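Below is one structure, written out as structure tokens; comments come after it.
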Amino acid sequence: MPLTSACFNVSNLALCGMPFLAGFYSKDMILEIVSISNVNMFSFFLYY
Amino acid sequence: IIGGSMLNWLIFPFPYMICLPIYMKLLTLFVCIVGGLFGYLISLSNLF
Amino acid sequence: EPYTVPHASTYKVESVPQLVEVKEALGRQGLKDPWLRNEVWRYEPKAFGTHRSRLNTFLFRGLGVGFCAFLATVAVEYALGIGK
Amino acid sequence: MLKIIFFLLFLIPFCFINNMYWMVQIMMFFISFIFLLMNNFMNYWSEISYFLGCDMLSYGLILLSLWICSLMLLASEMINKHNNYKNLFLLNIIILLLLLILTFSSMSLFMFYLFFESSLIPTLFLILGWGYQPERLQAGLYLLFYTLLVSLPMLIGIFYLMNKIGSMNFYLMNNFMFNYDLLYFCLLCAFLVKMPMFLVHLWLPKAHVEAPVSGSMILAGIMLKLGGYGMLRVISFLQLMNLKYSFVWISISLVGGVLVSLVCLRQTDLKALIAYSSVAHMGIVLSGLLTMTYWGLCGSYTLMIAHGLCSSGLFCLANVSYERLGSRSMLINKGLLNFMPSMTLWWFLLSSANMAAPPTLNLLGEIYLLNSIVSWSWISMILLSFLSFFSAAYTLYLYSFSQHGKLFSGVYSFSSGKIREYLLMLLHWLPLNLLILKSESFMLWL
Amino acid sequence: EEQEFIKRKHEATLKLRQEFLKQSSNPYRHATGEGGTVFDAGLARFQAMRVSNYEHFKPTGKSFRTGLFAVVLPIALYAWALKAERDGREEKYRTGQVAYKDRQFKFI
Amino acid sequence: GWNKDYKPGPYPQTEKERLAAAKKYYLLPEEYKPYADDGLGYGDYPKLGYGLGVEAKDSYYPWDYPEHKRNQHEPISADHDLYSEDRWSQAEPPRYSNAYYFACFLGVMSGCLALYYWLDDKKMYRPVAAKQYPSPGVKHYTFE
Amino acid sequence: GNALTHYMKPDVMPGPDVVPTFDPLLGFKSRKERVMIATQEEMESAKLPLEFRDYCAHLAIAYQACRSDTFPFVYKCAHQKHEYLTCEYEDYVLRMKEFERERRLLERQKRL
Amino acid sequence: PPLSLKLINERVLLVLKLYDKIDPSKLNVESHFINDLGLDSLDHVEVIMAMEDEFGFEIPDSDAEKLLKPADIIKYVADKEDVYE
Amino acid sequence: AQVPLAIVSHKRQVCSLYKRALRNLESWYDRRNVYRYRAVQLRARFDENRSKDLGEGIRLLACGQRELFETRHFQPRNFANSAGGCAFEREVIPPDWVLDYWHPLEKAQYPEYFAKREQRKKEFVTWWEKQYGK
Amino acid sequence: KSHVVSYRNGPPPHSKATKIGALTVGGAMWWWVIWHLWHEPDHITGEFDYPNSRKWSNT
Amino acid sequence: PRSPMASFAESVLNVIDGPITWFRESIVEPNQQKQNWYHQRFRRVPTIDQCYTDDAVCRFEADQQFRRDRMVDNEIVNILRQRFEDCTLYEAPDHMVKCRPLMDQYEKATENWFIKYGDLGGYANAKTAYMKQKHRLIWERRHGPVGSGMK
């Protein structure tokens with residue numbers, strides 16, 4: 001399956017946050033909003 | 001594949017401005033990458 | 001008939017891809033391996049190629065088309081009038 | 001209301017005339033349709049005939065009674081198959097129907113009690129004349145004597161009320177209030193047995209288990225509700241005395257609720273599950289009622305009505321298995337999804353209503369009752385949560401194990417689903433969805 | 001292996017396997033189509049014991065302690081807690097400590 | 001017969017009754033073992049099962065009714081439920097003991113929780129100034 | 001330039017979200033005042049949520065015009081976003097400079 | 001796809017020809033494990049274990065003892081998969 | 001058909017132990033190149049002590065069993081299309097008499113089947129009469 | 001289950017059109033990734049420079 | 001009509017509004033008879049204070065007046081709630097703009113509604129309500145403002 005293999009790639013990269021895919025648009029913006037807002041040690045370290 | 005783009009351009013009338021240290025914004029990429037290193041390394045094992 | 005089965009004359013434990021090497025690294029123990037002939041059709045050339053080759057095949061399936069279509073789009077935004 | 005009464009009396013002859021099972025059935029539904037049309041009441045007593053009235057509280061109860069009393073004939077046809085004295089069956093049902101109407105419309109307490117306890121007989125006929133288990137005998141002993149042993153003693157309270165009051169119309173008692181501390185227990189407890197209460201649940205599982213589809217439907221569908229209807233009318237003047245001694249009743253009901261739900265989990269009989277389940281729900285009804293708050297009472301009226309409907313339908317389900325696979329056990333009954341998948345839909349729905357899944361007049365109840373109890377005492381929440389939790393818990397088990405697992409090996413060929421039973425299940429559930437559109441008549445009576 | 005305990009059970013217990021087959025495959029009572037099931041002693045035993053064990057119940061210390069801590073102490077303690085808390089809350093209410101502003105559940 | 005016909009007898013108190021009861025339940029003379037009949041007992045009803053689980057029973061054995069892994073006439077355990085695969089039961093001995101499972105969970109939870117609250121006392125941040133708001137009488141000073 | 005030193009000197013590090021406390025000292029920065037462009041009446045009709053109803057709102061309503069103008073393709077509305085976030089970015093520069101200003105004004109008197 | 005009785009036979013034959021510790025020539029298809037194959041106490045279950053992995057199911061623990069021949073193995077696979085026909 | 005006895009010989013208590021061990025290797029080692037190594041390394045551990053006294057065999061089980069139990073993969077390679085599978089026993093089918101109760105119009109879709117169904121039924125009756133002479 | 005079930009062999013070599021489907025599926029991903037990369041490569045970087053507290057002279 | 005889709009959404013709004021409003025003007029106006037329906041005006045009644053110790057008809061009349069009055073005042077709380085509801089929906093920034101100026105009417109309404117009707121429970125008639133006021137008046141005169149304990 002090169003189609004299913006390729007499609008499973010797209011899901012991985014969207015979920016893996018490879019740039020300019022779904023994760024990158026979403027996971028990114030969250031993580032620096034964590035940086036911007038004052039937060040707790042574990043909450044910070046744990047997200048990363 | 002287009003993913004968040006359509007939303008990202010149509011959900012945030014007031015995009016959150018985030019000017020962070022370089023050692024934080026980029027850190028989101030490498031603390032991310034070391035996981036994949038481990039995920040594809042710890043799996044790859046020599047027989048003995 | 002659903003499918004076909006060979007005779008197993010072809011299935012040689014002498015399969016080259018370091019099955020002999022594990023045979024050696026066993027040989028220091030020197031016990032035996034009677035079923036190893038099964039792994040012949042398993043790790044057979046041109047079935048799946050190298051793992052690195054397979055990763056090349058997977059992690060890069062359409063990069064060439066991507067870059068080519070990318071360069072075409074670059075030319076479009078360069079000459080169509082978008083300019084910079 | 002004499003219109004209804006005379007209609008039923010002129011229906012009585014059909015029992016004698018041969019082959020009138022279905023003609024009687026259509027008539028009972030038709031008069032139910034007529035009684036539906038007659039609807040304009042307010043809180044005040046209305047339609048005051050010679051001694052018969054009707055009201056929000058009585059109007060819906062009567063409609064359910066006429067409703068369920070017609071659905072008997074759909075439920076039971078093995079009587080016709082066997083020719084097991086269909087005439088006595090039809091006569092017994094109609095006699096019961098008249099008594100219910102007169103019980104719910106008796107504007108006097110004594111007239112109410114009179115028909116209330118007159119109903120002891122026709123129900124006993126219904127179990128005994130068409131029972132199956134040999135336990136039918138001792139069960140009838142439990143039913144009758146648990147009732148009479150307390151139902152008789154309120155007769156003193158009624159007469160004592162007369163002497164101190166001068167009449168027994170409901171509005172007249174409301175004007176007064178009594179606190180002699182025996183009047184309270186004598187009336188309260190006497191109703192509590194028929195409610196029933198968890199500590200006197202004992203008879204009820206037996207009565208349901210060894211009774212036909214019809215009798216069990218009656219027992220769980222009215223008798224328990226009829227006890228509650230009396231409570232709603234009578235506690236008007238028991239307030240002060242109730243306030244002093246109320247924590248005991250609410251405690252045992254709530255405590256008994258989680259217990260009886262755990263009895264349901266461990267139980268292994270379809271009628272036993274439903275019987276204990278019906279006790280659980282009537283536990284919460286007794287709780288909200290004894291709260292006496294507006295939310296409690298107006299919700300109690302609703303939950304009695306909805307609970308009666310769901311309990312009936314579940315009994316029809318139990319009858320279906322009992323009439324195919326000839327054994328009440330959980331073990332024998334299983335995997336019916338493979339044999340009556342379109343029926344298992346109805347199994348799910350009736351189960352759904354009993355666990356308070358909307359749109360369901362049952363559910364509408366618990367919102368009201370739970371609000372009342374929580375306001376009354378925050379402490380209740382620690383057991384209210386578990387009570388509902390285990391309520392749904394056994395219902396899940398009942399639905400799944402009965403319909404899901406791999407079939408039973410030794411099972412002899414039995415006919416498949418049929419229009420009578422299908423229409424019977426729709427008829428019990430679909431009104432249970434209808435009413436929510438116009439709950440105001442079934443929701444406001446105070 | 002007990003010297004044939006497994007075997008001794010084996011002989012008889014494998015006989016009724018065939019009778020179960022004869023019953024299940026019975027073309028005649030399956031043809032009658034009246035429903036019902038091949039009789040099973042364990043089921044019949046189980047129902048009867050399930051419905052009746054009071055005649056066995058001996059009211060001794062075990063059963064008493066079992067029942068006492070099963071519901072009784074639960075019922076008593078919970079009821080006592082409910083009455084106690086309500087007595088306090090109502091006491092405040094009839095004292096008039098909390099006016100018609102703070103109090104909750106104004107609408108039941 | 002009916003349930004009253006099948007009602008179990010009282011606990012057998014001499015060896016002959018033990019022989020009879022074991023036959024009543026089709027059990028072998030040692031297989032039969034009545035409950036303790038101490039005050040909450042069924043009496044002559046045999047005490048079977050009660051093992052780790054029903055699914056521990058043979059997976060592939062020829063079963064009359066596979067549903068419960070049950071052959072034909074055989075005394076059903078008084079607690080068939082509460083040990084059925086649909087209810088509390090497993091197929092294999094647990095790896096550890098009860099304290100282990102609860103301890104491994106809850107001990108970690110308590111510690112991590114308490115260590116969090118300690119660290120909430122020191123909530124880090126980005127050293128930025130307080131968010132300015134226009135309002136009457138507010139006169140924040142521009143760096144000019 | 002971190003936050004851990006707070007736990008060692010919970011005095012020295014100012015803390016989070018902290019208002020200025022030495023602004024009277026005009027010998028240093030902060031001698032001029034704020035400036036208001038977008039009137040609160042227009043802001044009111046702008047429906048700008050209060051969390052953002054701050055000095056960088058004139059461009060905010062400007063963007064809303066851009067997006068309500070050519071909504072089907074907001075990607076065209078880029079420069080309005082570019083400017084708005086820049087105007088915010090300058091505010092953030094002031095946020096930092098305020099933090100270190102009150103840090104500076106703190107330090108010069110710490111030991112004194 | 002369905003399964004063909006002849007192909008089941010050749011397939012058990014293929015693995016048997018494949019298995020080294022058996023008499024290499026794979027003597028008569030009905031070779032009893034302890035007779036001419038010489039399959040020891042433990043070699044017998046190694047046979048069953050490969051058959052498992054090849055045919056996609058466990059053989060029951062005692063029922064392996066019923067399997068006393070490659071003919072049995074075909075006969076056990078056939079009973080499973082409706083191969084008689 | 002025959003239902004086997006439950007008696008077990010120490011050979012079987014030891015060989016099925018080897019079977020479970022091979023399984024436990026799978027659940028802890030997957031790569032077939034890695035496997036056959038360790039599986040044959042396991043064999044030596046079942047071979048060095050091939051023939052010992054019964055008493056030592058009992059202690060050998062006293063160790064062997066613990067090794068499996070204490071070294072069992074928390075997710076054993078449960079087998080796909082067998083008992084305990086991840087999708088096994090997905091659906092069931094009822095006894096044929098359900099087909100016997102089709103409505104005559106429902107019967108009227110596969111007459112050839114139902115005709116042969118009727119014939120086989122009577123021939124089964126003859127067979128069951130034989131089964132023990134009725 | 002499936003019309004192609006080989007035995008001890010790789011997949012039965014499928015049509016180029018299906019091969020074309022897969023390659024394009026990955027290619028579209030890549031095309032857009034580099035598309036965004038060149039169009040806004042700065043985004044991965046912080047969009048704004050980070051000035052320094054010490055570098056800020058005391059006016 | 002600056003925006004494109006909004007300049008299109010209008011088009012479907014013209015599509016949807018078209019036939020319905022045509023239907024209203026086409027097969028209603030030429031087919032409607034004129035008729036009038038008014039609104040009750042129940043006369044006042046001698047309340048429980050007026051009626052005698054045992055005047056059952058009069059007491060019954062008083063309670064019905066009490067119930068209807070309850071149902072209205074019961075309501076006036078709801079309407080004030082609905083009114084406050086609208087304001088909080090008015091504008092996203094607009095909560096404190098008119099919450100307290102508008103809500104407090106609802107606040108007073110609740111407390112007044114409680115005092116008159118609250119704390120009686122179902123079955124409550126004019127008698128128990130009326131005498132409760134009497135009890136409260138006595139308490140106010142003796143022990144002072146409710147919410148102070150006693151002296």
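Naming works like this for the structure tokens: A, B, ... for the chains as they're shown, residue 1 at the start of each chain, ligands 1 onward in shown order.
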
Practice problem: Could you give me, as a ChimeraX atom specification, the residues within 12 Å of residue 44 (chain K), counting only C-alpha atoms and dropping anything in the same chain fewer than 2 positions from it? | Solution: /K:41-42,46-47,61-66,68-69

Quiz prompt | Nearby residues (only C-alpha atoms) at most 10 Å from residue 92 (chain G), same-chain spacing under 5 positions excluded, as a PyMOL selection string | solution = (chain B and resi 17-19) or (chain F and resi 128-129+131) or (chain G and resi 86-87+97-98)

Residues from last step as file, N, CA and C atoms, as a CSV table (one decimal), in the first residue's frame:
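Heads up, here's the output in selection03.csv:
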chain,number,residue,atom,x,y,z
B,17,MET,N,0.1,37.6,19.8
B,17,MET,CA,1.4,38.0,19.4
B,17,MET,C,2.4,37.4,20.4
B,18,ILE,N,3.4,36.7,19.9
B,18,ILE,CA,4.3,35.9,20.8
B,18,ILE,C,5.7,36.2,20.3
B,19,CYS,N,6.4,37.1,21.0
B,19,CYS,CA,7.8,37.4,20.7
B,19,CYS,C,8.6,36.9,21.9
F,128,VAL,N,7.6,40.2,32.2
F,128,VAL,CA,7.0,41.3,31.5
F,128,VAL,C,6.1,42.1,32.4
F,129,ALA,N,5.8,43.3,32.0
F,129,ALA,CA,5.1,44.3,32.8
F,129,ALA,C,3.6,44.0,32.8
F,131,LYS,N,-0.3,44.2,32.4
F,131,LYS,CA,-1.1,44.6,31.2
F,131,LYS,C,-1.8,45.9,31.4
G,86,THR,N,2.6,44.1,14.8
G,86,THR,CA,3.8,45.0,15.1
G,86,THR,C,3.5,46.0,16.1
G,87,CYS,N,2.3,46.7,16.0
G,87,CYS,CA,1.9,47.7,17.0
G,87,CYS,C,1.8,47.0,18.3
G,97,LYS,N,10.4,46.7,28.9
G,97,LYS,CA,11.2,47.9,29.4
G,97,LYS,C,10.6,48.4,30.7
G,98,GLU,N,9.3,48.3,30.8
G,98,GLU,CA,8.7,48.6,32.1
G,98,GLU,C,9.2,47.6,33.2

Practice problem: Find the residues of chain E in contact range of chain K, meaning any atom within 9 Å when counting only C-alpha atoms, and list them as a PyMOL selection string. | Solution: chain E and resi 92+94-101+106-108

Could those residues be written to a file, using C-alpha atoms, as a compact mmCIF listing (two decimals), in the first residue's frame?
# COMPACT_ATOMS: atom_id res chain seq x y z
CA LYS E 92 -30.23 28.76 62.32
CA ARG E 94 -35.78 29.61 63.02
CA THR E 95 -33.31 31.82 64.85
CA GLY E 96 -33.40 34.12 61.82
CA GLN E 97 -29.62 34.40 61.60
CA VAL E 98 -29.55 34.31 57.78
CA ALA E 99 -31.86 36.90 56.25
CA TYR E 100 -33.75 36.66 52.96
CA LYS E 101 -30.64 37.64 50.98
CA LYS E 106 -35.21 30.19 47.38
CA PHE E 107 -37.22 28.29 44.75
CA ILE E 108 -36.82 24.77 46.13

Quiz prompt | Given only C-alpha atoms as the counted atoms, nearest of J:57, J:26, J:2, J:20 to chain B | solution =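 Closest to chain B, using only C-alpha atoms: J:26.
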
Self-check item: All residues 12 Å or closer to residue 44 (chain A), only C-alpha atoms, same chain fewer than 2 positions away omitted, as number ranges by chain
Solution: A: 30-42, 46-48; B: 24, 28; F: 116, 119-120, 123-125

Need the shell around region 36-53 of chain I: protein/DNA/RNA residues with any atom at most 9 Å away, counting only C-alpha atoms. Skip same-chain ones fewer than 2 positions apart. Format as an mmCIF file with C-alpha atoms, in the first residue's frame?
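Heads up, here's the output in result_21.cif:
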data_model
loop_
_atom_site.group_PDB
_atom_site.id
_atom_site.type_symbol
_atom_site.label_atom_id
_atom_site.label_comp_id
_atom_site.auth_asym_id
_atom_site.auth_seq_id
_atom_site.Cartn_x
_atom_site.Cartn_y
_atom_site.Cartn_z
ATOM 1 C CA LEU B 47 20.487 -8.984 17.748
ATOM 2 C CA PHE B 48 22.773 -9.523 20.735
ATOM 3 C CA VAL C 22 23.747 -14.695 13.211
ATOM 4 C CA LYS C 23 24.597 -18.272 12.293
ATOM 5 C CA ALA C 25 27.174 -15.423 16.343
ATOM 6 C CA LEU C 26 25.262 -18.575 17.206
ATOM 7 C CA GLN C 29 27.466 -20.905 21.132
ATOM 8 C CA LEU C 31 23.894 -25.145 19.013
ATOM 9 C CA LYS C 32 21.887 -25.223 15.719
ATOM 10 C CA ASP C 33 18.919 -23.584 13.969
ATOM 11 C CA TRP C 35 13.718 -23.639 11.291
ATOM 12 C CA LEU C 36 15.967 -20.887 9.913
ATOM 13 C CA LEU H 42 10.486 -31.771 22.702
ATOM 14 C CA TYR I 18 8.430 -25.385 26.728
ATOM 15 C CA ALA I 21 8.094 -20.472 27.036
ATOM 16 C CA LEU I 22 8.367 -20.223 23.254
ATOM 17 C CA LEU I 25 9.840 -15.370 23.937
ATOM 18 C CA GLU I 26 7.521 -14.097 21.209
ATOM 19 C CA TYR I 29 11.110 -10.696 21.404
ATOM 20 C CA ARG I 31 12.248 -9.917 15.249
ATOM 21 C CA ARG I 32 12.432 -13.397 13.750
ATOM 22 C CA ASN I 33 16.193 -13.026 13.381
ATOM 23 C CA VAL I 34 16.348 -12.159 17.088
ATOM 24 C CA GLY I 55 12.591 -34.889 42.420
ATOM 25 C CA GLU I 56 14.843 -32.513 40.515
ATOM 26 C CA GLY I 57 12.152 -32.358 37.849
ATOM 27 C CA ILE I 58 9.731 -31.132 40.494
#

Self-check item: Residue list for chain J near chain A as a VMD selection string, 12 Å, only C-alpha atoms
Solution: chain J and resid 10 to 46

Please identify every residue of chain I that has at least one atom no more than 8 Å from any atom of chain D, counting only C-alpha atoms, and report them as an mmCIF file with N, CA, C and O atoms, in the first residue's frame.
data_model
loop_
_atom_site.group_PDB
_atom_site.id
_atom_site.type_symbol
_atom_site.label_atom_id
_atom_site.label_comp_id
_atom_site.auth_asym_id
_atom_site.auth_seq_id
_atom_site.Cartn_x
_atom_site.Cartn_y
_atom_site.Cartn_z
ATOM 1 N N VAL I 92 -22.346 -14.715 15.698
ATOM 2 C CA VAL I 92 -22.859 -16.061 15.891
ATOM 3 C C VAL I 92 -24.006 -16.266 14.915
ATOM 4 O O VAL I 92 -24.519 -15.321 14.317
ATOM 5 N N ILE I 93 -24.404 -17.525 14.762
ATOM 6 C CA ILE I 93 -25.490 -17.900 13.860
ATOM 7 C C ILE I 93 -26.443 -18.784 14.657
ATOM 8 O O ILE I 93 -25.979 -19.596 15.469
ATOM 9 N N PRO I 94 -27.756 -18.682 14.476
ATOM 10 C CA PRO I 94 -28.658 -19.448 15.315
ATOM 11 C C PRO I 94 -28.918 -20.820 14.726
ATOM 12 O O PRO I 94 -28.539 -21.093 13.578
ATOM 13 N N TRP I 97 -33.471 -24.086 12.772
ATOM 14 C CA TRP I 97 -34.926 -24.027 12.801
ATOM 15 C C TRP I 97 -35.433 -22.603 12.640
ATOM 16 O O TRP I 97 -36.605 -22.406 12.309
ATOM 17 N N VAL I 98 -34.577 -21.608 12.867
ATOM 18 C CA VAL I 98 -34.937 -20.232 12.554
ATOM 19 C C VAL I 98 -35.270 -20.105 11.074
ATOM 20 O O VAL I 98 -36.245 -19.450 10.689
ATOM 21 N N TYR I 101 -38.770 -21.252 10.216
ATOM 22 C CA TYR I 101 -39.907 -20.389 10.517
ATOM 23 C C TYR I 101 -39.985 -19.174 9.611
ATOM 24 O O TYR I 101 -40.531 -18.141 10.014
#

Exercise. Can you work out the spacing between CA of residue 223 (chain D) and CA of residue 330 (chain D) in Å, to one decimal?
Key: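 For CA of residue 223 (chain D) relative to CA of residue 330 (chain D), the distance reads 26.6 Å.
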
Show me a table, sorted first by chain and then by increasing residue number, of the residues of chain H having an atom at most 8 Å from chain I, each with its shortest atom pair and the distance in Å to one decimal, counting only C-alpha atoms and written as CSV.
residue,atom,partner,partner_atom,distance
H:41,CA,I:15,CA,7.4
H:42,CA,I:15,CA,6.1
H:45,CA,I:19,CA,7.0
H:49,CA,I:19,CA,7.6
H:56,CA,I:81,CA,7.2
H:57,CA,I:82,CA,5.9
H:58,CA,I:82,CA,7.0
H:61,CA,I:16,CA,6.9

Quiz item: Where does DSSP see helix (DSSP H, G or I) in chain G, if you list the residues as an NGL selection string?
Solution: :G and (5-8 or 40-46 or 58-69 or 71-76 or 79-110)

Exercise. Could you please tell me, as a ChimeraX atom specification, which residues of chain F have an atom within 8 Å of chain D when using only C-alpha atoms?
Key: /F:2,4,64-65,67,81-82

Please produce a file of the residues just selected, as a PDB file, in the first residue's frame, where the atoms kept are N, CA, C and O atoms.
ATOM      1  N   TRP F   2     -41.302 -28.568  39.901  1.00  0.00           N
ATOM      2  CA  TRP F   2     -41.305 -27.143  40.185  1.00  0.00           C
ATOM      3  C   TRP F   2     -40.283 -26.832  41.269  1.00  0.00           C
ATOM      4  O   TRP F   2     -39.680 -27.725  41.862  1.00  0.00           O
ATOM      5  N   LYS F   4     -40.428 -25.813  44.349  1.00  0.00           N
ATOM      6  CA  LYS F   4     -40.612 -26.473  45.633  1.00  0.00           C
ATOM      7  C   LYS F   4     -40.297 -27.955  45.535  1.00  0.00           C
ATOM      8  O   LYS F   4     -39.890 -28.569  46.526  1.00  0.00           O
ATOM      9  N   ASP F  64     -21.045 -28.542  26.595  1.00  0.00           N
ATOM     10  CA  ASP F  64     -22.432 -28.611  26.154  1.00  0.00           C
ATOM     11  C   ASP F  64     -22.962 -27.216  25.863  1.00  0.00           C
ATOM     12  O   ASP F  64     -23.454 -26.940  24.764  1.00  0.00           O
ATOM     13  N   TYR F  65     -22.826 -26.311  26.829  1.00  0.00           N
ATOM     14  CA  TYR F  65     -23.210 -24.911  26.685  1.00  0.00           C
ATOM     15  C   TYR F  65     -21.935 -24.092  26.814  1.00  0.00           C
ATOM     16  O   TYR F  65     -21.514 -23.759  27.933  1.00  0.00           O
ATOM     17  N   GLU F  67     -21.479 -21.051  26.325  1.00  0.00           N
ATOM     18  CA  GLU F  67     -21.857 -19.770  26.917  1.00  0.00           C
ATOM     19  C   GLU F  67     -21.269 -19.548  28.308  1.00  0.00           C
ATOM     20  O   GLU F  67     -20.658 -18.508  28.571  1.00  0.00           O
ATOM     21  N   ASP F  81     -22.928 -15.981  38.980  1.00  0.00           N
ATOM     22  CA  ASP F  81     -22.614 -14.569  38.876  1.00  0.00           C
ATOM     23  C   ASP F  81     -21.717 -14.179  40.040  1.00  0.00           C
ATOM     24  O   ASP F  81     -21.784 -14.771  41.116  1.00  0.00           O
ATOM     25  N   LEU F  82     -20.896 -13.156  39.825  1.00  0.00           N
ATOM     26  CA  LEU F  82     -19.784 -12.724  40.662  1.00  0.00           C
ATOM     27  C   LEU F  82     -18.536 -13.550  40.384  1.00  0.00           C
ATOM     28  O   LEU F  82     -17.480 -13.252  40.941  1.00  0.00           O
TER      29      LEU F  82
END

Quiz item: What lies within 10 Å of residue 7 (chain C) using only C-alpha atoms, ignoring chain neighbours under 5 positions off, as a ChimeraX atom specification?
Solution: /H:10-11,13-15,17-18

Take the selection from the previous step and output its residues with N, CA, C and O atoms, as an mmCIF file, in the first residue's frame.
data_model
loop_
_atom_site.group_PDB
_atom_site.id
_atom_site.type_symbol
_atom_site.label_atom_id
_atom_site.label_comp_id
_atom_site.auth_asym_id
_atom_site.auth_seq_id
_atom_site.Cartn_x
_atom_site.Cartn_y
_atom_site.Cartn_z
ATOM 1 N N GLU H 10 0.182 -29.777 0.371
ATOM 2 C CA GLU H 10 1.487 -29.323 -0.085
ATOM 3 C C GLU H 10 2.107 -28.336 0.894
ATOM 4 O O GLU H 10 3.334 -28.274 1.017
ATOM 5 N N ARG H 11 1.283 -27.557 1.599
ATOM 6 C CA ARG H 11 1.826 -26.539 2.492
ATOM 7 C C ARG H 11 2.435 -27.157 3.745
ATOM 8 O O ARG H 11 3.536 -26.776 4.156
ATOM 9 N N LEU H 13 3.505 -30.080 3.718
ATOM 10 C CA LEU H 13 4.665 -30.723 3.120
ATOM 11 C C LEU H 13 5.811 -29.736 2.949
ATOM 12 O O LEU H 13 6.977 -30.081 3.177
ATOM 13 N N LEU H 14 5.499 -28.503 2.550
ATOM 14 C CA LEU H 14 6.543 -27.513 2.323
ATOM 15 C C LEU H 14 7.310 -27.228 3.605
ATOM 16 O O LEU H 14 8.546 -27.216 3.617
ATOM 17 N N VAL H 15 6.587 -26.987 4.698
ATOM 18 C CA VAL H 15 7.241 -26.743 5.978
ATOM 19 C C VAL H 15 7.988 -27.986 6.441
ATOM 20 O O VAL H 15 9.075 -27.895 7.022
ATOM 21 N N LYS H 17 9.355 -30.441 4.538
ATOM 22 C CA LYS H 17 10.597 -30.418 3.772
ATOM 23 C C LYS H 17 11.521 -29.314 4.257
ATOM 24 O O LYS H 17 12.747 -29.437 4.156
ATOM 25 N N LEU H 18 10.953 -28.228 4.770
ATOM 26 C CA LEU H 18 11.761 -27.108 5.223
ATOM 27 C C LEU H 18 12.447 -27.399 6.553
ATOM 28 O O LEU H 18 13.544 -26.890 6.804
#

Exercise. Would you kindly return, as a ChimeraX atom specification, each protein, DNA or RNA residue with an atom no farther than 12 Å from any atom of residue 55 (chain J), considering only C-alpha atoms and excluding same-chain residues fewer than 4 positions away?
Key: /G:97,100 /J:50-51,59

Self-check item: Non-local contacts of residue 34 (chain D) (12 Å; only C-alpha atoms; under 3 positions in same chain excluded) as number ranges by chain
Solution: D: 1, 3-4, 7, 27-31, 37-39, 63, 66-67

Practice problem: May I ask you to extract the residues of chain G within 12 Å of chain J, using only C-alpha atoms, and to give them as number ranges by chain? | Solution: G: 1-2, 26-31, 78, 82, 85-90, 92-105, 107-108

How close does chain E get to chain D? List, as JSON lines, each residue of chain E within 6 Å, its nearest atom pair and the distance in Å to one decimal, counting only C-alpha atoms.
{"residue": "E:24", "atom": "CA", "partner": "D:410", "partner_atom": "CA", "distance": 5.8}
{"residue": "E:30", "atom": "CA", "partner": "D:412", "partner_atom": "CA", "distance": 5.1}
{"residue": "E:33", "atom": "CA", "partner": "D:413", "partner_atom": "CA", "distance": 4.8}
{"residue": "E:35", "atom": "CA", "partner": "D:412", "partner_atom": "CA", "distance": 4.7}
{"residue": "E:36", "atom": "CA", "partner": "D:325", "partner_atom": "CA", "distance": 4.9}
{"residue": "E:37", "atom": "CA", "partner": "D:411", "partner_atom": "CA", "distance": 4.8}
{"residue": "E:38", "atom": "CA", "partner": "D:410", "partner_atom": "CA", "distance": 5.6}
{"residue": "E:79", "atom": "CA", "partner": "D:251", "partner_atom": "CA", "distance": 5.2}
{"residue": "E:83", "atom": "CA", "partner": "D:247", "partner_atom": "CA", "distance": 5.9}
{"residue": "E:108", "atom": "CA", "partner": "D:375", "partner_atom": "CA", "distance": 6.0}

Quiz prompt | Separation of CA of residue 39 (chain F) from CA of residue 280 (chain D), in Å and rounded to one decimal | solution =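 So the two atoms, CA of residue 39 (chain F) and CA of residue 280 (chain D), lie 28.4 Å apart.
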